[PDB]
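**Student:** Dropping in data.pdb, which is PDB, C-alpha atoms and all ligand atoms:
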```pdb
ATOM      1  CA  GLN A   1      83.243  52.139  62.628
ATOM      2  CA  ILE A   2      80.897  54.833  64.054
ATOM      3  CA  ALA A   3      77.855  53.426  62.274
ATOM      4  CA  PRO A   4      75.091  50.924  63.112
ATOM      5  CA  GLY A   5      76.089  47.280  62.974
ATOM      6  CA  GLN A   6      79.851  47.812  62.671
ATOM      7  CA  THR A   7      82.561  45.917  64.541
ATOM      8  CA  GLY A   8      86.124  46.707  65.557
ATOM      9  CA  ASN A   9      87.997  47.926  68.628
ATOM     10  CA  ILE A  10      85.811  51.051  69.034
ATOM     11  CA  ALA A  11      82.503  49.459  68.055
ATOM     12  CA  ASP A  12      83.320  46.513  70.349
ATOM     13  CA  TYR A  13      85.107  48.103  73.345
ATOM     14  CA  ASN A  14      84.588  51.912  73.471
ATOM     15  CA  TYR A  15      81.366  53.088  71.785
ATOM     16  CA  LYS A  16      78.572  51.244  69.954
ATOM     17  CA  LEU A  17      75.437  52.458  68.164
ATOM     18  CA  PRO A  18      72.304  50.248  68.140
ATOM     19  CA  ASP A  19      71.360  48.385  64.992
ATOM     20  CA  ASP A  20      68.026  50.259  65.090
ATOM     21  CA  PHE A  21      69.637  53.705  65.180
ATOM     22  CA  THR A  22      68.220  57.030  64.040
ATOM     23  CA  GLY A  23      70.584  59.982  64.074
ATOM     24  CA  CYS A  24      73.581  61.640  62.466
ATOM     25  CA  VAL A  25      77.317  60.910  62.765
ATOM     26  CA  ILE A  26      79.356  64.031  61.917
ATOM     27  CA  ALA A  27      83.159  63.690  61.621
ATOM     28  CA  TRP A  28      85.483  66.725  61.388
ATOM     29  CA  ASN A  29      89.221  66.528  60.627
ATOM     30  CA  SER A  30      90.872  68.080  63.713
ATOM     31  CA  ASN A  31      94.649  67.748  63.075
ATOM     32  CA  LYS A  32      95.256  71.489  63.497
ATOM     33  CA  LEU A  33      93.941  71.466  67.086
ATOM     34  CA  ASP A  34      94.508  67.960  68.525
ATOM     35  CA  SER A  35      97.945  66.973  67.172
ATOM     36  CA  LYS A  36     101.229  67.840  68.894
ATOM     37  CA  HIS A  37     104.801  67.534  67.642
ATOM     38  CA  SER A  38     105.608  65.311  70.649
ATOM     39  CA  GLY A  39     102.239  63.515  70.492
ATOM     40  CA  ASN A  40      98.963  64.315  72.243
ATOM     41  CA  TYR A  41      98.510  61.625  74.898
ATOM     42  CA  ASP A  42      95.385  63.124  76.483
ATOM     43  CA  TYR A  43      93.269  60.823  74.285
ATOM     44  CA  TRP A  44      93.028  57.184  75.377
ATOM     45  CA  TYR A  45      91.084  54.261  73.933
ATOM     46  CA  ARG A  46      90.202  50.856  75.332
ATOM     47  CA  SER A  47      91.970  47.962  73.604
ATOM     48  CA  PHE A  48      91.087  45.133  76.028
ATOM     49  CA  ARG A  49      87.730  44.105  77.476
ATOM     50  CA  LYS A  50      86.115  40.830  78.529
ATOM     51  CA  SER A  51      83.002  41.228  76.335
ATOM     52  CA  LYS A  52      81.517  43.418  73.618
ATOM     53  CA  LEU A  53      79.700  46.634  74.447
ATOM     54  CA  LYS A  54      75.942  47.207  74.224
ATOM     55  CA  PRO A  55      74.419  50.337  72.624
ATOM     56  CA  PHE A  56      75.265  53.669  74.311
ATOM     57  CA  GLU A  57      77.028  52.108  77.335
ATOM     58  CA  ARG A  58      80.049  53.930  78.801
ATOM     59  CA  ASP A  59      82.727  51.689  80.321
ATOM     60  CA  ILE A  60      85.087  53.921  82.328
ATOM     61  CA  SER A  61      86.701  51.146  84.387
ATOM     62  CA  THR A  62      90.510  51.151  84.582
ATOM     63  CA  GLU A  63      90.894  47.717  86.195
ATOM     64  CA  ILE A  64      93.817  45.702  84.857
ATOM     65  CA  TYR A  65      92.910  43.124  82.196
ATOM     66  CA  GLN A  66      94.773  39.826  81.783
ATOM     67  CA  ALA A  67      95.032  38.108  78.401
ATOM     68  CA  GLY A  68      96.763  35.006  79.808
ATOM     69  CA  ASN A  69      95.770  32.076  82.008
ATOM     70  CA  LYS A  70      97.543  32.718  85.347
ATOM     71  CA  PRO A  71      95.673  35.361  87.460
ATOM     72  CA  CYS A  72      98.264  38.125  87.920
ATOM     73  CA  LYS A  73      98.280  41.485  89.686
ATOM     74  CA  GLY A  74     100.018  44.634  88.518
ATOM     75  CA  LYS A  75     101.334  45.080  84.979
ATOM     76  CA  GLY A  76     103.505  43.102  82.561
ATOM     77  CA  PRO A  77     103.075  39.327  83.318
ATOM     78  CA  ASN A  78     100.296  39.068  80.687
ATOM     79  CA  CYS A  79      98.391  41.690  82.759
ATOM     80  CA  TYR A  80      97.819  44.804  80.633
ATOM     81  CA  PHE A  81      96.327  48.217  81.255
ATOM     82  CA  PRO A  82      92.925  48.266  79.472
ATOM     83  CA  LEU A  83      93.528  51.703  77.895
ATOM     84  CA  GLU A  84      96.231  52.834  75.474
ATOM     85  CA  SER A  85      97.215  56.355  74.480
ATOM     86  CA  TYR A  86      97.576  57.457  70.872
ATOM     87  CA  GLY A  87     100.137  60.155  70.219
ATOM     88  CA  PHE A  88      98.601  62.281  67.467
ATOM     89  CA  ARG A  89     101.210  63.955  65.271
ATOM     90  CA  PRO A  90     100.940  66.565  62.471
ATOM     91  CA  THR A  91     102.960  64.210  60.220
ATOM     92  CA  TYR A  92     100.508  61.283  60.332
ATOM     93  CA  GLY A  93      98.524  60.351  57.249
ATOM     94  CA  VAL A  94      94.807  60.910  56.765
ATOM     95  CA  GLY A  95      93.842  57.608  58.357
ATOM     96  CA  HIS A  96      96.023  58.234  61.430
ATOM     97  CA  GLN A  97      95.125  61.921  61.863
ATOM     98  CA  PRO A  98      92.699  62.860  64.680
ATOM     99  CA  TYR A  99      89.011  63.368  63.932
ATOM    100  CA  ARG A 100      86.373  64.967  66.163
TER     101      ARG A 100
ATOM    102  CA  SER B   1      99.971  22.516  56.926
ATOM    103  CA  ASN B   2      96.989  21.004  58.685
ATOM    104  CA  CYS B   3      97.779  23.687  61.293
ATOM    105  CA  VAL B   4      95.172  25.136  63.630
ATOM    106  CA  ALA B   5      96.779  28.090  65.388
ATOM    107  CA  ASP B   6      96.463  28.337  69.170
ATOM    108  CA  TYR B   7      97.880  31.415  70.841
ATOM    109  CA  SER B   8      97.805  30.050  74.401
ATOM    110  CA  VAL B   9     101.357  28.900  73.665
ATOM    111  CA  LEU B  10     102.336  32.542  73.294
ATOM    112  CA  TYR B  11     100.765  33.643  76.576
ATOM    113  CA  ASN B  12     102.434  30.663  78.287
ATOM    114  CA  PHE B  13     105.887  31.133  76.696
ATOM    115  CA  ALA B  14     107.045  34.344  78.401
ATOM    116  CA  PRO B  15     105.785  37.512  80.216
ATOM    117  CA  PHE B  16     105.642  39.682  77.091
ATOM    118  CA  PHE B  17     105.946  43.344  78.032
ATOM    119  CA  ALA B  18     104.380  44.725  74.813
ATOM    120  CA  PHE B  19     101.214  43.400  73.045
ATOM    121  CA  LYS B  20      99.557  45.832  70.524
ATOM    122  CA  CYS B  21      96.680  44.894  68.192
ATOM    123  CA  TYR B  22      94.314  46.483  65.627
ATOM    124  CA  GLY B  23      91.894  43.558  65.250
ATOM    125  CA  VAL B  24      91.030  42.015  68.631
ATOM    126  CA  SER B  25      93.047  40.938  71.658
ATOM    127  CA  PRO B  26      92.025  37.220  71.724
ATOM    128  CA  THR B  27      93.261  36.847  68.115
ATOM    129  CA  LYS B  28      92.400  33.140  67.901
ATOM    130  CA  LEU B  29      88.631  33.157  67.214
ATOM    131  CA  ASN B  30      89.491  34.919  63.926
ATOM    132  CA  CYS B  31      90.310  32.432  59.255
ATOM    133  CA  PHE B  32      93.038  34.034  57.089
ATOM    134  CA  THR B  33      95.066  32.719  54.167
ATOM    135  CA  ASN B  34      98.471  33.295  55.785
ATOM    136  CA  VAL B  35      99.930  34.610  59.009
ATOM    137  CA  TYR B  36     103.123  35.818  57.289
ATOM    138  CA  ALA B  37     104.935  36.028  60.566
ATOM    139  CA  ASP B  38     108.083  38.128  60.814
ATOM    140  CA  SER B  39     110.491  38.492  63.713
ATOM    141  CA  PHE B  40     113.475  40.639  64.640
ATOM    142  CA  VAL B  41     115.230  42.260  67.603
ATOM    143  CA  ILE B  42     115.094  46.013  68.299
ATOM    144  CA  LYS B  43     116.317  48.339  71.004
ATOM    145  CA  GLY B  44     113.581  48.893  73.586
ATOM    146  CA  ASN B  45     113.419  52.643  72.809
ATOM    147  CA  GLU B  46     111.841  52.471  69.320
ATOM    148  CA  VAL B  47     109.166  49.870  70.130
ATOM    149  CA  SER B  48     106.420  52.422  69.500
ATOM    150  CA  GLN B  49     107.884  53.037  66.021
ATOM    151  CA  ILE B  50     106.828  49.545  64.832
ATOM    152  CA  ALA B  51     103.290  50.659  64.032
ATOM    153  CA  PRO B  52     101.263  51.443  60.889
ATOM    154  CA  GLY B  53     102.051  54.923  59.622
ATOM    155  CA  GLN B  54     104.448  55.760  62.473
ATOM    156  CA  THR B  55     107.497  57.840  61.527
ATOM    157  CA  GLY B  56     110.917  57.315  63.073
ATOM    158  CA  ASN B  57     114.454  56.265  62.320
ATOM    159  CA  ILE B  58     113.632  52.621  63.097
ATOM    160  CA  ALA B  59     111.140  50.866  60.764
ATOM    161  CA  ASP B  60     110.860  53.797  58.337
ATOM    162  CA  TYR B  61     114.125  52.581  56.765
ATOM    163  CA  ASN B  62     114.309  48.969  57.963
ATOM    164  CA  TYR B  63     110.918  47.195  58.301
ATOM    165  CA  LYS B  64     107.709  49.276  57.919
ATOM    166  CA  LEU B  65     103.993  48.510  58.018
ATOM    167  CA  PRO B  66     102.450  50.631  55.204
ATOM    168  CA  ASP B  67      98.892  51.099  56.549
ATOM    169  CA  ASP B  68      96.135  48.920  58.020
ATOM    170  CA  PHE B  69      98.594  46.198  58.858
ATOM    171  CA  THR B  70      96.934  43.576  61.017
ATOM    172  CA  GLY B  71      97.895  45.365  64.173
ATOM    173  CA  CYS B  72      98.884  42.421  66.377
ATOM    174  CA  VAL B  73     102.556  42.805  67.376
ATOM    175  CA  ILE B  74     104.409  41.612  70.464
ATOM    176  CA  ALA B  75     107.726  42.189  72.241
ATOM    177  CA  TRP B  76     109.534  40.449  75.134
ATOM    178  CA  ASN B  77     112.918  40.726  76.879
ATOM    179  CA  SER B  78     115.916  39.352  74.935
ATOM    180  CA  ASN B  79     118.432  39.641  77.815
ATOM    181  CA  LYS B  80     119.229  35.896  77.811
ATOM    182  CA  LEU B  81     121.053  36.325  74.457
ATOM    183  CA  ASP B  82     122.391  39.895  74.764
ATOM    184  CA  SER B  83     124.778  39.235  77.705
ATOM    185  CA  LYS B  84     128.156  40.144  76.089
ATOM    186  CA  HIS B  85     129.555  43.389  77.529
ATOM    187  CA  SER B  86     131.288  44.257  74.229
ATOM    188  CA  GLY B  87     128.438  42.807  72.169
ATOM    189  CA  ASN B  88     128.126  40.539  69.170
ATOM    190  CA  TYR B  89     126.028  40.257  66.042
ATOM    191  CA  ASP B  90     123.706  37.564  64.707
ATOM    192  CA  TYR B  91     120.069  38.737  64.876
ATOM    193  CA  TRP B  92     120.618  42.195  63.372
ATOM    194  CA  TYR B  93     118.514  43.487  60.481
ATOM    195  CA  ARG B  94     119.786  45.942  57.881
ATOM    196  CA  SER B  95     121.181  48.800  59.967
ATOM    197  CA  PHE B  96     119.453  51.665  58.105
ATOM    198  CA  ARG B  97     118.678  52.775  54.539
ATOM    199  CA  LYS B  98     120.079  55.625  52.439
TER     200      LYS B  98
HETATM  201  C1  LIG A 201      76.708  46.705  84.289
HETATM  202  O1  LIG A 201      76.628  45.872  85.457
HETATM  203  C2  LIG A 201      76.711  44.467  85.157
HETATM  204  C3  LIG A 201      76.566  43.734  86.471
HETATM  205  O2  LIG A 201      75.562  42.732  86.401
HETATM  206  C4  LIG A 201      78.029  44.159  84.441
HETATM  207  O3  LIG A 201      78.054  42.783  84.075
HETATM  208  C5  LIG A 201      78.153  45.031  83.200
HETATM  209  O4  LIG A 201      79.404  44.802  82.561
HETATM  210  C6  LIG A 201      78.045  46.488  83.610
HETATM  211  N1  LIG A 201      78.196  47.360  82.456
HETATM  212  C7  LIG A 201      78.770  48.566  82.518
HETATM  213  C8  LIG A 201      78.839  49.328  81.230
HETATM  214  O5  LIG A 201      79.209  49.026  83.568
END
```
Can the structure from this file be put into structure tokens for me?

**Tutor:**
Amino acid sequence: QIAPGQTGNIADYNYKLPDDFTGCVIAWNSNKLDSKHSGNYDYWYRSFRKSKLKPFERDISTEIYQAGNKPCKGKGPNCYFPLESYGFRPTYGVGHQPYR
Amino acid sequence: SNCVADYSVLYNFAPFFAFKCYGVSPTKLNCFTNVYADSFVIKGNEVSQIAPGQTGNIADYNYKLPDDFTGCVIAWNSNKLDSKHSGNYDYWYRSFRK
């Protein structure tokens, strides 16, 4: 998904490249350094947002997002935290392993 | 079945505590051939084990998602049925696998 014109939860909500993009995307497999046996929860990604991102914008808001119809406060009545942790583990497969 | 699927019923039904996804959160805009819905009841300690590629005692033997499962999964409180102090059984899946 780290490529011009792609869609998905990262291309849409965390990081987007412009369609007219010149540059290089270099991905390294980092399991040795980022994974923990209990899970590395220092890395968070945004799963909920109201709209798609524009090129090179950085949304660092932590305001609670609601997927439902009744405007709620706090967490759990259809109000969700916009970010979710991913516990990286040495035992995950190639597609679930961390990459830098 | 001349069905158009609206997921406002699901947000209205109950205050779901867990709602994970791999596609998108609205999950209504999206067509697909089948929704192949599955349901079951789990202890609220292994909820994070119902995920693509996630190892654990739950799901790895009972119900697993192999990889790139459409992520959308949801979980809400079952206390209205679970009230017996000694327990019962009706909704249980295969306990574990050899
Ligand atoms: C930038 O500010 C506008 C306010 O008009 C807002 O709609 C938009 O979401 C903001 N974007 C970011 C990345 O903060």

**Student:** Around ligand LIG 201 (chain A), at most 8 Å away and counting all atoms listed in the file, which residues are there? Put them as a PyMOL selection string, please.

**Tutor:** chain A and resi 53-54+57-61

**Student:** Applied to the shown file, which residues does the PyMOL selection byres ((chain A and not hetatm) within 8 of (chain B)) return, written as a ChimeraX atom specification?

**Tutor:** /A:8-9,47-48,67-69,76-78,91-93,96

**Student:** How would the residues just chosen look if you wrote them out with C-alpha atoms as a compact mmCIF listing (two decimals), in the frame of the given file?

**Tutor:**
```
# COMPACT_ATOMS: atom_id res chain seq x y z
CA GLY A 8 86.12 46.71 65.56
CA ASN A 9 88.00 47.93 68.63
CA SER A 47 91.97 47.96 73.60
CA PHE A 48 91.09 45.13 76.03
CA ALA A 67 95.03 38.11 78.40
CA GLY A 68 96.76 35.01 79.81
CA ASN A 69 95.77 32.08 82.01
CA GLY A 76 103.50 43.10 82.56
CA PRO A 77 103.08 39.33 83.32
CA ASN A 78 100.30 39.07 80.69
CA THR A 91 102.96 64.21 60.22
CA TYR A 92 100.51 61.28 60.33
CA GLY A 93 98.52 60.35 57.25
CA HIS A 96 96.02 58.23 61.43
```

**Student:** Give the answer as one residue: which of A:94, A:83, A:26, A:72 has the shortest atom-to-atom distance to residue A:42, using all atoms listed in the file?

**Tutor:**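 Going through A:94, A:83, A:26, A:72 one by one, the smallest distance to residue A:42 is for A:83.
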
**Student:** Could you write out as AutoDock Vina command-line options the box around stretch 14-23 of chain A (axis-aligned, all atoms listed in the file, 4 Å on each side), with centre and edge lengths in Å to one decimal?

**Tutor:**
```
--center_x 76.3 --center_y 54.2 --center_z 68.8 --size_x 24.6 --size_y 19.6 --size_z 17.4
```

**Student:** Quick one: apply the PyMOL selection byres (((chain A and resi 44) around 8) and not hetatm) to the file and drop the selected residues here as a PyMOL selection string.

**Tutor:** chain A and resi 41-43+45-46+83-86

**Student:** When you draw a straight line from atom CA of residue B:78 to atom CA of residue B:93, how long is it in Å?

**Tutor:**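 Going from atom CA of residue B:78 over to atom CA of residue B:93 covers 15.3 Å.
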
**Student:** Neighbouring residues of residue A:65 were defined as those with any atom within 9 Å, considering all atoms listed in the file; residues of the same chain fewer than 6 positions away were excluded. Please report them as a list in words.

**Tutor:** residues 48, 49, 50, 78, 79, 80, 81 and 82 of chain A

**Student:** When the PyMOL selection byres (((chain B and resi 34) around 12) and not hetatm) is applied to the structure above, which residues does it catch, written out as JSON, numbers by chain?

**Tutor:** {"B": [1, 3, 4, 5, 31, 32, 33, 35, 36, 37, 38, 70]}

**Student:** Leaving out residue B:64 and any residue of its chain fewer than 3 positions from it, which residues lie within 7 Å of it when counting only C-alpha atoms, given as a PyMOL selection string?

**Tutor:** chain B and resi 50+59-60

**Student:** Between atom CA of residue B:79 and atom CA of residue B:13, what distance in Å does the model show, to one decimal?

**Tutor:**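 So the answer is 15.2 Å.
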
**Student:** By how many Å are atom CA of residue B:49 and atom CA of residue A:32 apart?

**Tutor:**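 Separating atom CA of residue B:49 from atom CA of residue A:32 is a distance of 22.5 Å.
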
**Student:** Contacts of residue A:18 at 12 Å or less, counting all atoms listed in the file, minus same-chain residues fewer than 5 places along, as a PDB file with C-alpha atoms, in the frame of the given file?

**Tutor:**
```
ATOM      1  CA  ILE A   2      80.897  54.833  64.054  1.00  0.00           C
ATOM      2  CA  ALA A   3      77.855  53.426  62.274  1.00  0.00           C
ATOM      3  CA  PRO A   4      75.091  50.924  63.112  1.00  0.00           C
ATOM      4  CA  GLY A   5      76.089  47.280  62.974  1.00  0.00           C
ATOM      5  CA  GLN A   6      79.851  47.812  62.671  1.00  0.00           C
ATOM      6  CA  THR A   7      82.561  45.917  64.541  1.00  0.00           C
ATOM      7  CA  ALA A  11      82.503  49.459  68.055  1.00  0.00           C
ATOM      8  CA  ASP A  12      83.320  46.513  70.349  1.00  0.00           C
ATOM      9  CA  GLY A  23      70.584  59.982  64.074  1.00  0.00           C
ATOM     10  CA  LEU A  53      79.700  46.634  74.447  1.00  0.00           C
ATOM     11  CA  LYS A  54      75.942  47.207  74.224  1.00  0.00           C
ATOM     12  CA  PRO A  55      74.419  50.337  72.624  1.00  0.00           C
ATOM     13  CA  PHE A  56      75.265  53.669  74.311  1.00  0.00           C
ATOM     14  CA  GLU A  57      77.028  52.108  77.335  1.00  0.00           C
TER      15      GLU A  57
END
```

**Student:** Go through B:56, B:92, B:27, B:43 and flag the residue nearest residue B:71, using only C-alpha atoms for the distances.

**Tutor:**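 Once distances to residue B:71 are computed over only C-alpha atoms, the minimum belongs to B:27.
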